[PDB]
Amino acid sequence: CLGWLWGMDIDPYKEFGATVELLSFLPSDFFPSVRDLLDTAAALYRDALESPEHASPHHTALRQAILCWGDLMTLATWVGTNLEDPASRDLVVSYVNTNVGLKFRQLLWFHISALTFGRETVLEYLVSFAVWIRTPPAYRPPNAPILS
Amino acid sequence: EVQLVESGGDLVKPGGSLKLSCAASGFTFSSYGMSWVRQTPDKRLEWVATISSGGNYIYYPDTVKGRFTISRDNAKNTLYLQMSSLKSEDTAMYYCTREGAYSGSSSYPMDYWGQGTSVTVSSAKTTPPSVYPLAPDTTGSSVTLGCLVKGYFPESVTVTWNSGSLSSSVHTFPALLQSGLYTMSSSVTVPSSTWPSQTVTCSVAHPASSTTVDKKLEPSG
Amino acid sequence: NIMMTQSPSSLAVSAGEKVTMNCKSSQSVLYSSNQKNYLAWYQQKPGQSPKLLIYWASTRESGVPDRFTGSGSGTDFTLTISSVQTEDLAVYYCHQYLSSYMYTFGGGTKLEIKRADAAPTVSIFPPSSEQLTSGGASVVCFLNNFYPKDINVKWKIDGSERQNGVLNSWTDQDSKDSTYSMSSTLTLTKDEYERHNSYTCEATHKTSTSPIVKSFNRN
């Protein structure tokens, strides 16, 4: 599977140009609700691969992302029972939300915008927005880069 | 293999215009931002302009904004630099560079540089060089021959011996400005068994004046 | 504008020695969010375009020899070559890419190779037939393959030292033997040249207390 419980997961976005050391620059409130992210993800995933030529590795990799999120929803309920209660059953939701939860939130957005705009458009937005935050203020324009 | 090939460099009168081109190959050109960096005669490196992968975001320093325009054509795999209101302080070697941030992390600065195109902003008129042969005493094991290339403008000139055959013992002396014109020299050290028995010629090319001059080195007496 | 300052402007080292070159930024290039320094080092070998050596102040680029090491944080950075190779003869520049809205470069540090002292091979050349034909007369002296770069050339016309119309040009260090070469050119009119007979060029180098003398007479 793509998404993982690992601290520094091997090849998370590498195959699609970008890396986590680039997506990190974007704020946490920028990404929408997880349910809406997955609902609009599965929306394009089904109707594009069939019928092709529209077989893109973006929605193809999304199948290994949505199912791996399902592989966590089934896992979390089982962990918060089989062990103890304090810092064993209550810290299960605390592990996913929001650290592990943010990883999928940004991963979904990355692959969704890749089809909505273009892999290059996203990679360009990711580079230019990072460039915007890095710039020492005042010499930096106040108008932040947008994705449209 | 990543190749960046700049073209367009020339002698331009102050206040003039010039358009530089850079042909890129060996990478997905539309995935990378591109920049122009110039190297002045003092050997200082100066950032001129950047353009994002798509052509959406454009950046300029205070020295060039309003006079220079960076552009790209992702369909022709070309980067452009339209320079206008040219001034003498714009005289430099212009490099086309590929921005690396686009490969993955922000960690990456510009990674590949092209070979450059020299731009000369001057009112001094383009003058072709005068090539003089330097031929010699009781000849030792080796003889030193030379070529004096005098009174050309602008820089540069290329001197080749036996049209590239004689490469190993060549010395190219940097040009010096004398009375508003350049002068340079070149030397070859050949075995005494090869000269004057075999023919030694220096070929001087001044691309600015579309000049090529081949001078045969002959002995004296 | 973050100004980049490099020291020393140049330095000579012998093959196998450790080299340290310094870079100073007018303000910090450390991110504090990333906790990464936005500093790069480029190497420019003679007749070539720059090549990226180090990024994030300490990380080597793909294909960069292990001898190259970058260190420092905030405003003070260094590039270390431990140990030097003759191939490492280049100008090393530092670059800050924090801004990206105004990228800056350091002035560069010129790395030269220290070698065993070598005396010049001197050659004198009288004006060519075709040059005299045009009304000018240039006498040339080549001082080839010496070490160090410091050399003196005096021109003597019939015993008297001349100091008008002399241009000297040095070659950059040799890629093969790490030596320097220099060309001295005495420029006179055909008339000024014809008025005298003995033309001498004397070279003074660290290698000998006696000048290397080369001359010719119009006979």
# chains A, B, ... in the order shown; residues from 1 in each chain; ligands from 1

$ residues_around --residues "residue 149 in chain C" --least-positions-apart "2" --cutoff "8 Å" --atoms "only C-alpha atoms" --output "mmCIF file with C-alpha atoms, in the first residue's frame"
data_model
loop_
_atom_site.group_PDB
_atom_site.id
_atom_site.type_symbol
_atom_site.label_atom_id
_atom_site.label_comp_id
_atom_site.auth_asym_id
_atom_site.auth_seq_id
_atom_site.Cartn_x
_atom_site.Cartn_y
_atom_site.Cartn_z
ATOM 1 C CA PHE C 146 56.525 29.146 -15.471
ATOM 2 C CA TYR C 147 55.620 28.981 -11.757
ATOM 3 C CA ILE C 151 57.198 37.619 -13.477
ATOM 4 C CA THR C 179 51.949 26.395 -14.941
ATOM 5 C CA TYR C 180 51.405 29.937 -16.302
#

$ closest_atom_pairs --of "chain C" --to "chain A" --cutoff "9 Å" --atoms "only C-alpha atoms" --output "CSV"
residue,atom,partner,partner_atom,distance
C:1,CA,A:139,CA,8.4
C:31,CA,A:134,CA,7.1
C:33,CA,A:25,CA,8.8
C:34,CA,A:21,CA,8.6
C:97,CA,A:134,CA,8.9
C:98,CA,A:134,CA,5.6
C:99,CA,A:135,CA,4.3
C:100,CA,A:131,CA,6.4
C:101,CA,A:135,CA,7.0
C:102,CA,A:139,CA,8.6

$ interface_residues --of "chain C" --to "chain B" --cutoff "6 Å" --atoms "only C-alpha atoms" --output "ChimeraX atom specification"
/C:49,52,56,101-103,105,107,125,169,171

$ interface_residues --of "chain A" --to "chain B" --cutoff "9 Å" --atoms "only C-alpha atoms" --output "list in words"
residues 13, 14, 17, 18, 19, 20, 21, 22, 23, 119, 120, 121, 123, 124, 126, 127, 128, 130 and 131 of chain A

$ residues_around --residues "residue 141 in chain B" --least-positions-apart "2" --cutoff "10 Å" --atoms "only C-alpha atoms" --output "number ranges by chain"
B: 139, 143, 190-193

$ write_last_selection --atoms "C-alpha atoms" --output "compact mmCIF listing (two decimals), in the first residue's frame"
# COMPACT_ATOMS: atom_id res chain seq x y z
CA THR B 139 66.85 25.78 -33.52
CA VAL B 143 60.27 25.48 -31.91
CA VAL B 190 56.17 21.77 -32.11
CA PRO B 191 59.22 19.41 -32.53
CA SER B 192 61.96 20.93 -34.79
CA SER B 193 61.57 17.84 -37.09

$ residues_around --residues "residue 155 in chain B" --least-positions-apart "4" --cutoff "9 Å" --atoms "only C-alpha atoms" --output "PyMOL selection string"
chain B and resi 118+120+175+182+206+208

$ residues_around --residues "residue 3 in chain C" --least-positions-apart "5" --cutoff "8 Å" --atoms "only C-alpha atoms" --output "PyMOL selection string"
chain C and resi 25-27+104-106

$ write_last_selection --atoms "C-alpha atoms" --output "PDB file, in the first residue's frame"
ATOM      1  CA  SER C  25      25.262  36.098   4.027  1.00  0.00           C
ATOM      2  CA  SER C  26      24.108  39.629   5.127  1.00  0.00           C
ATOM      3  CA  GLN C  27      21.132  37.934   6.879  1.00  0.00           C
ATOM      4  CA  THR C 104      22.064  36.319  -5.046  1.00  0.00           C
ATOM      5  CA  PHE C 105      25.546  34.872  -5.608  1.00  0.00           C
ATOM      6  CA  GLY C 106      28.856  35.376  -3.829  1.00  0.00           C
TER       7      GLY C 106
END

$ residues_around --residues "residue 41 in chain A" --least-positions-apart "2" --cutoff "9 Å" --atoms "only C-alpha atoms" --output "list in words"
residues 36, 37, 38, 39, 43, 44, 45, 59, 62, 66, 108, 109, 111 and 112 of chain A

$ write_last_selection --atoms "N, CA and C atoms" --output "short mmCIF file (atom, residue, chain, number, x, y, z; two decimals), in the first residue's frame"
data_model
loop_
_atom_site.label_atom_id
_atom_site.label_comp_id
_atom_site.auth_asym_id
_atom_site.auth_seq_id
_atom_site.Cartn_x
_atom_site.Cartn_y
_atom_site.Cartn_z
N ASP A 36 -15.44 14.45 2.17
CA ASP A 36 -15.60 15.13 0.87
C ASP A 36 -14.43 14.82 -0.07
N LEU A 37 -13.20 14.70 0.49
CA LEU A 37 -11.98 14.37 -0.25
C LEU A 37 -12.08 12.98 -0.86
N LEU A 38 -12.55 11.99 -0.08
CA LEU A 38 -12.70 10.60 -0.51
C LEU A 38 -13.92 10.39 -1.42
N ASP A 39 -15.03 11.13 -1.17
CA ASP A 39 -16.26 11.06 -1.97
C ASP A 39 -16.04 11.56 -3.40
N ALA A 43 -15.46 9.38 -7.05
CA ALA A 43 -16.35 9.91 -8.08
C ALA A 43 -15.70 9.88 -9.46
N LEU A 44 -14.43 10.32 -9.56
CA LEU A 44 -13.67 10.34 -10.82
C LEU A 44 -12.99 9.00 -11.12
N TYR A 45 -12.56 8.28 -10.07
CA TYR A 45 -11.88 6.98 -10.13
C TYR A 45 -12.62 5.90 -10.93
N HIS A 59 -5.59 8.50 -10.54
CA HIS A 59 -6.77 7.82 -9.99
C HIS A 59 -6.56 6.31 -9.85
N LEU A 62 -5.00 6.11 -6.52
CA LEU A 62 -6.06 6.48 -5.57
C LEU A 62 -6.76 5.24 -4.98
N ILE A 66 -7.45 4.94 -1.09
CA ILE A 66 -8.79 4.84 -0.49
C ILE A 66 -8.97 3.49 0.24
N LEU A 108 -4.69 12.96 -0.99
CA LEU A 108 -5.93 12.97 -1.77
C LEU A 108 -5.98 14.24 -2.61
N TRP A 109 -5.79 15.42 -1.97
CA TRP A 109 -5.78 16.74 -2.62
C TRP A 109 -4.80 16.78 -3.78
N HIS A 111 -3.50 14.30 -5.68
CA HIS A 111 -3.95 13.48 -6.81
C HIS A 111 -5.24 13.98 -7.46
N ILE A 112 -6.10 14.66 -6.68
CA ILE A 112 -7.37 15.22 -7.15
C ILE A 112 -7.13 16.45 -8.03
#

$ atom_distance --atom1 "CA of residue 2 in chain A" --atom2 "CA of residue 68 in chain A"
7.4 Å

$ residues_around --residues "residue 200 in chain B" --least-positions-apart "5" --cutoff "9 Å" --atoms "only C-alpha atoms" --output "PyMOL selection string"
chain B and resi 145+161-162+166+194-195+215-218

$ decode --residues "range 27-146 of chain A" --atoms "C-alpha atoms" --output "compact mmCIF listing (two decimals), in the first residue's frame"
# COMPACT_ATOMS: atom_id res chain seq x y z
CA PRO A 27 -1.20 24.94 5.63
CA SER A 28 -3.38 22.28 7.37
CA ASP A 29 -6.65 24.30 7.09
CA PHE A 30 -6.18 24.52 3.25
CA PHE A 31 -7.27 20.85 2.79
CA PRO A 32 -11.06 20.19 3.08
CA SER A 33 -13.04 17.50 5.05
CA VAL A 34 -11.74 13.88 4.69
CA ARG A 35 -15.24 12.54 3.75
CA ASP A 36 -15.60 15.13 0.87
CA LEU A 37 -11.98 14.37 -0.25
CA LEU A 38 -12.70 10.60 -0.51
CA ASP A 39 -16.26 11.06 -1.97
CA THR A 40 -15.01 13.26 -4.86
CA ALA A 41 -11.96 10.89 -5.20
CA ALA A 42 -14.09 7.73 -5.80
CA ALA A 43 -16.35 9.91 -8.08
CA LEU A 44 -13.67 10.34 -10.82
CA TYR A 45 -11.88 6.98 -10.13
CA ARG A 46 -14.79 4.80 -11.40
CA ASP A 47 -15.91 6.70 -14.58
CA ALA A 48 -12.39 7.49 -15.96
CA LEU A 49 -10.41 4.15 -15.99
CA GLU A 50 -13.57 2.73 -17.61
CA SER A 51 -14.12 4.14 -20.14
CA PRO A 52 -10.57 4.96 -21.41
CA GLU A 53 -8.27 6.43 -22.97
CA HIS A 54 -8.24 8.22 -19.56
CA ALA A 55 -6.20 5.57 -17.63
CA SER A 56 -4.02 7.92 -15.55
CA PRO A 57 -1.74 6.64 -12.70
CA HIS A 58 -3.27 9.38 -10.44
CA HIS A 59 -6.77 7.82 -9.99
CA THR A 60 -5.14 4.36 -10.47
CA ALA A 61 -2.94 5.05 -7.37
CA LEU A 62 -6.06 6.48 -5.57
CA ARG A 63 -7.39 2.85 -5.38
CA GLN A 64 -4.26 1.97 -3.32
CA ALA A 65 -4.98 5.06 -1.15
CA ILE A 66 -8.79 4.84 -0.49
CA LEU A 67 -8.54 1.04 0.21
CA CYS A 68 -5.52 1.68 2.51
CA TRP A 69 -7.65 4.27 4.36
CA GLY A 70 -10.27 1.48 4.65
CA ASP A 71 -7.43 -0.82 5.89
CA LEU A 72 -7.06 1.75 8.77
CA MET A 73 -10.81 2.25 9.56
CA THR A 74 -11.12 -1.55 10.09
CA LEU A 75 -7.76 -1.58 12.02
CA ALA A 76 -8.44 1.37 14.44
CA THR A 77 -11.72 -0.13 15.83
CA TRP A 78 -9.93 -3.48 16.55
CA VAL A 79 -6.89 -1.84 18.30
CA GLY A 80 -9.06 0.27 20.67
CA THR A 81 -10.52 -2.98 22.16
CA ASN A 82 -7.85 -5.81 22.14
CA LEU A 83 -5.51 -3.95 24.61
CA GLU A 84 -5.90 -1.56 27.65
CA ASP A 85 -8.11 1.60 27.94
CA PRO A 86 -5.87 4.63 29.01
CA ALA A 87 -3.20 5.48 26.34
CA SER A 88 -4.07 2.21 24.44
CA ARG A 89 -7.77 2.54 23.35
CA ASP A 90 -8.28 6.37 23.52
CA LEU A 91 -4.94 7.28 21.81
CA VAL A 92 -6.04 5.32 18.64
CA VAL A 93 -8.17 8.28 17.35
CA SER A 94 -5.37 10.62 18.66
CA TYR A 95 -2.86 8.76 16.36
CA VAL A 96 -4.97 9.04 13.14
CA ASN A 97 -6.52 12.48 13.86
CA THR A 98 -4.75 14.60 12.89
CA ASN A 99 -1.10 13.47 12.11
CA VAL A 100 -1.90 10.28 10.08
CA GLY A 101 -5.17 11.97 8.98
CA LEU A 102 -3.28 14.94 7.45
CA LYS A 103 -1.05 12.59 5.35
CA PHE A 104 -4.13 11.25 3.45
CA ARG A 105 -5.85 14.71 3.42
CA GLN A 106 -2.89 16.20 1.46
CA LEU A 107 -2.26 12.98 -0.58
CA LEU A 108 -5.93 12.97 -1.77
CA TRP A 109 -5.78 16.74 -2.62
CA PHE A 110 -2.49 16.23 -4.54
CA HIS A 111 -3.95 13.48 -6.81
CA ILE A 112 -7.37 15.22 -7.15
CA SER A 113 -5.90 18.60 -8.28
CA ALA A 114 -3.54 16.63 -10.65
CA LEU A 115 -6.60 15.62 -12.70
CA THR A 116 -8.60 18.88 -12.01
CA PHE A 117 -5.72 21.07 -13.30
CA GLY A 118 -2.63 19.03 -14.25
CA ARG A 119 0.36 17.25 -12.60
CA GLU A 120 2.59 20.13 -13.80
CA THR A 121 0.03 22.78 -12.61
CA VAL A 122 0.12 21.27 -9.07
CA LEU A 123 3.92 20.76 -9.07
CA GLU A 124 4.20 24.43 -10.25
CA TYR A 125 1.73 25.61 -7.51
CA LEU A 126 3.63 23.53 -4.90
CA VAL A 127 7.01 25.08 -5.97
CA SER A 128 5.69 28.68 -6.35
CA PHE A 129 3.70 28.64 -3.07
CA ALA A 130 6.77 27.20 -1.21
CA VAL A 131 8.86 29.98 -2.89
CA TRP A 132 6.30 32.55 -1.63
CA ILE A 133 6.54 31.44 2.07
CA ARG A 134 10.40 31.19 1.95
CA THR A 135 10.80 34.85 0.80
CA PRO A 136 11.65 37.34 3.64
CA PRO A 137 8.49 39.45 4.26
CA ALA A 138 7.87 42.90 2.56
CA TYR A 139 10.30 41.95 -0.30
CA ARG A 140 7.70 39.11 -0.63
CA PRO A 141 4.32 40.07 -2.27
CA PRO A 142 1.28 39.87 0.14
CA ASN A 143 -0.89 38.20 -2.58
CA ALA A 144 -0.29 34.43 -2.06
CA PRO A 145 -0.25 32.07 -5.15
CA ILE A 146 -3.56 30.39 -6.14
